[PDB]
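**Student:** There's a structure below that I have some questions on.
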2 protein chains.
Amino acid sequence: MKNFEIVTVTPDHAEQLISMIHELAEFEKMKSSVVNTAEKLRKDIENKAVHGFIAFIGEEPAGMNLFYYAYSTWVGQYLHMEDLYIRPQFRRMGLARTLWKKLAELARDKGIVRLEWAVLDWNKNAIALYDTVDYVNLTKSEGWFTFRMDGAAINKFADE
Amino acid sequence: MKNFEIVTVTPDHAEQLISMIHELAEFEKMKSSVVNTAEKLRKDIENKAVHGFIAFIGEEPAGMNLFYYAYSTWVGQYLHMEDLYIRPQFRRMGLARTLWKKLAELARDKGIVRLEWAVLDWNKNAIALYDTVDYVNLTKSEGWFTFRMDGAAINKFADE
């Protein structure tokens with residue numbers, strides 16, 4: 001057996017992480033939106049802006065998994081999963097899912113009764129993977145829209 | 001003119017805040033989903049897990065705007081507005097949006113370049129407001145599902 005160890009994230013890794021945020025600049029087709037550098041990522045891991053796991057193989061990174069803590073006035077705090085990526089040459093070795101499982105474990109160890117994560121409708125890989133658990137699609141079941149409001153509109157709405 | 005004052009949420013407010021929560025789950029046809037208490041919440045405002053703005057008129061609570069800090073791998077830390085409710089006898093008095101501003105002023109003041117929030121598809125009153133700013137509908141335009149996994153599911157997958 002090959003040795004995937006999962007390490008939780010310290011800013012020491014932000015280098016490795018910042019690489020894996022650029023690779024993915026290719027694949028989900030939103031390649032120019034890169035404004036979180038390696039340095040800014042450190043300070044974010046430090047100030048607990050973000051959390052994560054890295055899976056390494058031997059001495060190389062193979063995949064990551066970022067996640068922050070979010071709140072819901074019905075249950076209290078929960079976990080949201082942000083990135084869940086595997087460098088190409090390591091997909092379908094089940095790392096994919098394992099990094100998803102340590103966060104599940106972290107949710108148990110913390111009593112958190114809610115994971116969330118968002119995914120593209122056409123991204124049938126992630127659905128394929130996510131299909132191997134019991135989850136609810138919030139969008140369909142309850143009809144929630146997520147609205148976003150980017151920076152230019154953030155400003156003029158404040159400077160009215 | 002009629003006076004509405006907005007002060008930032010202190011742990012001391014959790015009493016008034018838990019009440020409005022119930023009114024909103026009541027309105028959003030989800031009375032059961034709520035397990036959070038004032039005193040549980042009372043810890044949660046101390047711990048900077050949630051932030052808010054309460055609207056009082058005289059000494060009566062009217063509405064509230066609660067929110068947490070989310071992280072996108074692409075744009076660092078941004079704000080997510082979880083819950084925004086006005087008591088019924090205080091609608092049509094503008095708070096709706098005003099409470100909403102102090103969160104965009106803050107997002108500006110902290111230099112944050114995205115501001116997300118969600119609503120049900122049938123709550124056309126809530127969209128009625130939201131249509132007076134520039135927002136993207138990430139569900140309908142880009143087809144984003146949000147997958148939830150509750151606690152029963154979280155344990156069953158973490159316990160493999």
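Simple scheme: letters A, B, ... for chains in structure tokens order, numbers from 1 for residues in each chain, numbers from 1 for ligands in the order shown.
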Output as a ChimeraX atom specification all residues of segment 15-66 of chain B that backbone DSSP marks as strand (DSSP E or B).

**Tutor:** /B:51-57,60-66

**Student:** Kindly export the residues of the current selection with N, CA, C and O atoms, as a CSV table (one decimal), in the first residue's frame.

**Tutor:**
chain,number,residue,atom,x,y,z
B,51,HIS,N,-22.2,37.5,13.8
B,51,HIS,CA,-22.2,38.9,14.1
B,51,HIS,C,-23.5,39.5,13.6
B,51,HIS,O,-24.2,38.8,12.8
B,52,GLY,N,-23.9,40.7,14.0
B,52,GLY,CA,-25.2,41.1,13.6
B,52,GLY,C,-25.4,42.6,13.8
B,52,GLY,O,-24.5,43.3,14.2
B,53,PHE,N,-26.6,43.0,13.5
B,53,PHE,CA,-27.1,44.4,13.8
B,53,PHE,C,-28.5,44.3,14.2
B,53,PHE,O,-29.4,43.8,13.5
B,54,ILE,N,-28.9,44.7,15.4
B,54,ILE,CA,-30.3,44.8,15.8
B,54,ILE,C,-30.8,46.1,15.6
B,54,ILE,O,-30.2,47.1,15.9
B,55,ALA,N,-32.1,46.2,15.2
B,55,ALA,CA,-32.9,47.4,15.1
B,55,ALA,C,-33.9,47.4,16.2
B,55,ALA,O,-34.7,46.5,16.4
B,56,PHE,N,-33.7,48.5,17.0
B,56,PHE,CA,-34.7,48.7,18.1
B,56,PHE,C,-35.4,50.1,17.8
B,56,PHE,O,-34.8,51.0,17.3
B,57,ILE,N,-36.7,50.1,18.1
B,57,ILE,CA,-37.4,51.4,18.0
B,57,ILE,C,-38.0,51.7,19.4
B,57,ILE,O,-38.8,50.9,20.0
B,60,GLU,N,-38.1,48.4,21.9
B,60,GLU,CA,-38.6,47.2,21.3
B,60,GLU,C,-37.7,46.7,20.2
B,60,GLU,O,-37.3,47.6,19.3
B,61,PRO,N,-37.2,45.5,20.1
B,61,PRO,CA,-36.6,45.0,18.9
B,61,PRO,C,-37.6,45.1,17.8
B,61,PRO,O,-38.8,44.9,17.9
B,62,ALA,N,-37.1,45.3,16.6
B,62,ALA,CA,-37.8,45.3,15.3
B,62,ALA,C,-37.3,44.3,14.4
B,62,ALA,O,-37.9,43.2,14.2
B,63,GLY,N,-36.2,44.5,13.8
B,63,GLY,CA,-35.6,43.5,12.9
B,63,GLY,C,-34.1,43.3,13.3
B,63,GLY,O,-33.6,43.8,14.3
B,64,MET,N,-33.5,42.5,12.4
B,64,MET,CA,-32.1,42.0,12.7
B,64,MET,C,-31.5,41.6,11.4
B,64,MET,O,-32.2,41.1,10.5
B,65,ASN,N,-30.2,41.7,11.3
B,65,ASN,CA,-29.4,41.2,10.2
B,65,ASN,C,-28.2,40.4,10.8
B,65,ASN,O,-27.3,41.0,11.4
B,66,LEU,N,-28.2,39.1,10.6
B,66,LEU,CA,-27.2,38.3,11.2
B,66,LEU,C,-26.3,37.8,10.1
B,66,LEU,O,-26.7,37.8,8.9

**Student:** Using only C-alpha atoms, which residues sit within 6 Å of residue 79 of chain B once same-chain residues fewer than 4 positions away are excluded, as a PyMOL selection string?

**Tutor:** chain B and resi 69-70+115

**Student:** Now that the selection is made, can you save its residues with C-alpha atoms as a CSV table (one decimal), in the first residue's frame?

**Tutor:**
chain,number,residue,atom,x,y,z
B,69,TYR,CA,-17.5,35.2,7.6
B,70,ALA,CA,-17.2,32.8,4.7
B,115,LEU,CA,-21.4,39.3,-0.2

**Student:** My list of candidates is A:74, A:100, A:85, A:27. Which is closest to chain B when distances are computed with only C-alpha atoms?

**Tutor:**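 When distances to chain B are compared using only C-alpha atoms, the smallest one comes from A:74.
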
**Student:** So which residues touch residue 2 of chain B within 12 Å, counting only C-alpha atoms, skipping near sequence neighbours fewer than 5 positions away, as a PDB file with C-alpha atoms, in the first residue's frame?

**Tutor:**
ATOM      1  CA  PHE B  56     -34.670  48.750  18.122  1.00  0.00           C
ATOM      2  CA  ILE B  57     -37.442  51.381  18.038  1.00  0.00           C
ATOM      3  CA  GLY B  58     -37.548  52.881  21.492  1.00  0.00           C
ATOM      4  CA  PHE B  90     -42.250  47.222  11.347  1.00  0.00           C
ATOM      5  CA  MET B  93     -40.464  51.139   7.088  1.00  0.00           C
ATOM      6  CA  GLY B  94     -37.212  50.573   5.234  1.00  0.00           C
ATOM      7  CA  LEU B  95     -35.246  48.556   7.815  1.00  0.00           C
TER       8      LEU B  95
END

**Student:** May I ask for the distance between atom CA of residue 134 of chain B and atom CA of residue 120 of chain A, given in Å to one decimal place?

**Tutor:** 22.5 Å

**Student:** Tell me, in Å to one decimal, how far atom CA of residue 13 of chain B is from atom CA of residue 98 of chain B.

**Tutor:**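 Atom CA of residue 13 of chain B sits 19.1 Å away from atom CA of residue 98 of chain B.
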
**Student:** Write out as a compact mmCIF listing (two decimals) with N, CA and C atoms, in the first residue's frame which residues come within 12 Å of residue 129 of chain B when counting only C-alpha atoms, dropping same-chain ones fewer than 2 positions away.

**Tutor:**
# COMPACT_ATOMS: atom_id res chain seq x y z
N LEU B 84 -32.14 37.70 7.80
CA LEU B 84 -32.56 39.09 7.79
C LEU B 84 -34.08 39.12 7.88
N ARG B 91 -42.42 46.26 9.08
CA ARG B 91 -42.15 46.23 7.65
C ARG B 91 -42.42 47.60 7.03
N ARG B 92 -42.39 47.69 5.69
CA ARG B 92 -42.71 48.93 4.96
C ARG B 92 -42.18 50.19 5.62
N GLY B 94 -38.53 50.41 5.79
CA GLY B 94 -37.21 50.57 5.23
C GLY B 94 -36.12 49.76 5.89
N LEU B 95 -36.31 49.29 7.13
CA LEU B 95 -35.25 48.56 7.82
C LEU B 95 -34.72 47.41 6.98
N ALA B 96 -35.63 46.58 6.46
CA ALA B 96 -35.37 45.65 5.38
C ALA B 96 -33.96 45.87 4.83
N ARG B 97 -33.83 46.99 4.12
CA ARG B 97 -32.63 47.33 3.38
C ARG B 97 -31.56 47.98 4.26
N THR B 98 -31.97 48.75 5.27
CA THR B 98 -31.00 49.49 6.10
C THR B 98 -30.08 48.55 6.86
N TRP B 100 -29.59 45.73 5.95
CA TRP B 100 -28.80 45.14 4.88
C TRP B 100 -27.60 46.02 4.54
N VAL B 119 -32.19 32.87 -0.02
CA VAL B 119 -33.61 32.95 0.30
C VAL B 119 -34.35 31.82 -0.40
N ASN B 123 -40.41 33.24 -1.36
CA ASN B 123 -40.39 34.46 -0.55
C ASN B 123 -40.13 35.65 -1.49
N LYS B 124 -41.15 35.96 -2.30
CA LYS B 124 -41.05 37.02 -3.29
C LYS B 124 -40.99 38.41 -2.67
N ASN B 125 -41.46 38.55 -1.43
CA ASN B 125 -41.26 39.80 -0.70
C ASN B 125 -39.78 40.07 -0.48
N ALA B 126 -39.05 39.03 -0.04
CA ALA B 126 -37.60 39.12 0.16
C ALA B 126 -36.88 39.40 -1.14
N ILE B 127 -37.32 38.81 -2.25
CA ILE B 127 -36.68 39.13 -3.51
C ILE B 127 -37.08 40.53 -3.95
N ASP B 131 -34.08 42.90 -5.37
CA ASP B 131 -34.05 43.36 -6.76
C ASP B 131 -33.72 44.85 -6.87
N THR B 132 -33.63 45.58 -5.74
CA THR B 132 -33.18 46.96 -5.72
C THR B 132 -31.66 47.09 -5.51
N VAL B 133 -30.90 46.01 -5.74
CA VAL B 133 -29.45 46.09 -5.88
C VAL B 133 -29.02 45.13 -6.98
N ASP B 134 -27.77 45.26 -7.39
CA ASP B 134 -27.22 44.38 -8.40
C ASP B 134 -26.69 43.13 -7.71
N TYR B 135 -27.35 42.00 -7.94
CA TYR B 135 -26.94 40.72 -7.38
C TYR B 135 -27.00 39.68 -8.47

**Student:** Pick from A:44, A:86, A:32, A:71: nearest to residue 19 of chain A, with only C-alpha atoms counted?

**Tutor:**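 When distances to residue 19 of chain A are compared using only C-alpha atoms, the smallest one comes from A:86.
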
**Student:** Taking only C-alpha atoms into account, which of A:78, A:117, A:4, A:130 comes nearest chain B?

**Tutor:**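 Of all the options, A:117 lies closest to chain B.
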
**Student:** I need the residue nearest chain A from this list: B:6, B:110, B:104, B:156. Use only C-alpha atoms for the distance.

**Tutor:**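 Nearest candidate to chain A out of B:6, B:110, B:104, B:156: B:104.
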
**Student:** Please report, as number ranges by chain, each residue of segment 27-133 of chain A to which DSSP assigns alpha helix (DSSP H) when run on this structure's backbone.

**Tutor:** A: 27, 38-46, 95-110, 124-130

**Student:** Between B:36, B:25, B:142, B:105, which one has atoms that come closest to residue 118 of chain A, using only C-alpha atoms?

**Tutor:**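 Nearest candidate to residue 118 of chain A out of B:36, B:25, B:142, B:105: B:142.
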
**Student:** Could you tell me how far atom CA of residue 80 of chain A sits from atom CA of residue 113 of chain A, in Å to one decimal place?

**Tutor:**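 Going from atom CA of residue 113 of chain A over to atom CA of residue 80 of chain A, I get 11.4 Å.
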
**Student:** For chain B, which of A:75, A:81, A:38, A:103 is the closest residue, counting only C-alpha atoms?

**Tutor:**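 That would be A:75, the residue with the smallest distance to chain B.
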
**Student:** Skip segment 138-140 of chain B itself and residues of its chain fewer than 3 positions away, then list as a ChimeraX atom specification all residues within 10 Å of it, counting only C-alpha atoms.

**Tutor:** /A:120-121,139,143-149 /B:116,118,135,143-146
